[PDB]
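When the letters of the sequence shown are read in order and numbered with the deposited numbering, they come out as residues 1 to 128. Where is the CB? At the ideal position from N, CA and C, for every residue including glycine.
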Amino acid sequence: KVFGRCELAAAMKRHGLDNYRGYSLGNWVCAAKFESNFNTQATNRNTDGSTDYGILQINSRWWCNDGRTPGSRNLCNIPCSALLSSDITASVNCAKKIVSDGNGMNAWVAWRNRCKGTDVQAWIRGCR
Ligand SMILES: C[C@@H](O)CN1CCN(CC(=O)O)CCN(CC(=O)O)CCN(CC(=O)O)CC1
Ligand SMILES: C[C@@H](O)CN1CCN(CC(=O)O)CCN(CC(=O)O)CCN(CC(=O)O)CC1
Ligand SMILES: [Cl-]
Ligand SMILES: [Cl-]
Ligand SMILES: [Cl-]
Ligand SMILES: [Gd]
Ligand code: NA
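What follows is the structure, given as structure tokens:
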């Protein structure tokens, strides 16, 4: 699924993501745009052999199981494929654990380089 901007904001906000660990709703929509292009099916291979999955490109090294990342952890206790769903529940619960773990939204390289220190409220401007 390719989400529109307001549509993803109202989904994220209904799944509790808004001001989660003090990160405003504009920070999450910002990250999703630059991680996946709002596209739930997005995948990218990393050079160590793991893969990033879904709208927030969640890494198979620590967080989910795809059966091809040897001696890796599955801390969200899900298959990688679950994070490719049009229903963003799996991805959201999975991003709550990651952003809680000590490093915040710096886990998202696209968030750090393109949204941190900018006008993030611009990403929800106009939405009801
Ligand atoms: C709502 C309009 O913006 C729709 N839009 C009209 C064309 N725009 C003109 C403009 O953005 O004023 C120029 C191109 N546009 C640049 C950008 O938006 O950054 C990228 C494509 N956009 C993506 C999007 O906007 O979500 C869809 C088409
Ligand atoms: C031509 C305009 O599209 C210029 N545009 C600024 C104004 N946009 C317009 C809008 O989308 O209504 C609103 C703010 N915007 C939210 C979003 O667009 O998704 C984030 C910043 N954008 C990033 C991008 O375009 O990728 C910078 C370029
Ligand atoms: Cl915001
Ligand atoms: Cl594996
Ligand atoms: Cl923080
Ligand atoms: Gd824009
Ligand atoms: Na894994």
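When the beta-carbon positions are compared, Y23 and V109 stay at least 8 angstroms from each other. Counting every other CB atom within 10 Å of its CB across the protein chains shown gives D101 a total below 16, marking it as exposed.
For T89, the enclosing alpha helix (DSSP H) has its first and last residue at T89 to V99. Secondary structure of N65 (DSSP, three-state): strand.
Look at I58 here: in three-state DSSP terms it is strand.
In this structure, the C-beta of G104 approaches ligand 5 to less than 7 angstroms from one of its heavy atoms. According to the DSSP assignment, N44 belongs to no alpha helix (DSSP H) but to the beta strand (DSSP E) extending over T43 to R45. Listed by position along the chain, the residues with Cβ atoms less than 7 angstroms from a non-hydrogen atom of ligand 2 are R5, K33, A122, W123, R125 and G126.
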